[PDB]
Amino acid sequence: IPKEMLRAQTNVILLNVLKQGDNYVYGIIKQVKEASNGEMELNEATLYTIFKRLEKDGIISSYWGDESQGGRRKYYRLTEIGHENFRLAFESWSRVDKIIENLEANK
């Protein structure tokens, strides 16, 4: 599959992950691994590049987690704008799916 497609897929997964709850890079990787039965292993560097893109664009913000169990983890959260970007992405992709269904029916 093209790199552009894989990247678009990662962008959609990450918006969904943060919509569901603040999360940190190695929690995201680990959880996407299980949700994919080990099929998808995201790379740290991909996540940082995307997270710089989203953070500059105001879609995510970051804060430090509880260090009580050891380790200061940087968490990421969807901002309120980022929730709207989430809805928009979700809705437009849903429309893409109907378009494709309808194109089958058109002929």
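Residue numbers here begin at 1 and follow the sequence given.
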* Looking only at CA atoms, which has the higher mean B factor in the entry: 84-92 or 6-14? -> 84-92
* Taking the recorded C-alpha temperature factors, which stretch has the higher mean, 52-60 or 24-32? -> 52-60
* To do: Just say lowest, middle or highest third for the CA B-factor of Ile1 relative to the other modelled residues in its chain.
  => highest
* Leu42 - Cα temperature factor, lowest/middle/highest third of chain -> middle
* Structure fact -> Assert third(CA B-factor, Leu103) within chain per record equals middle
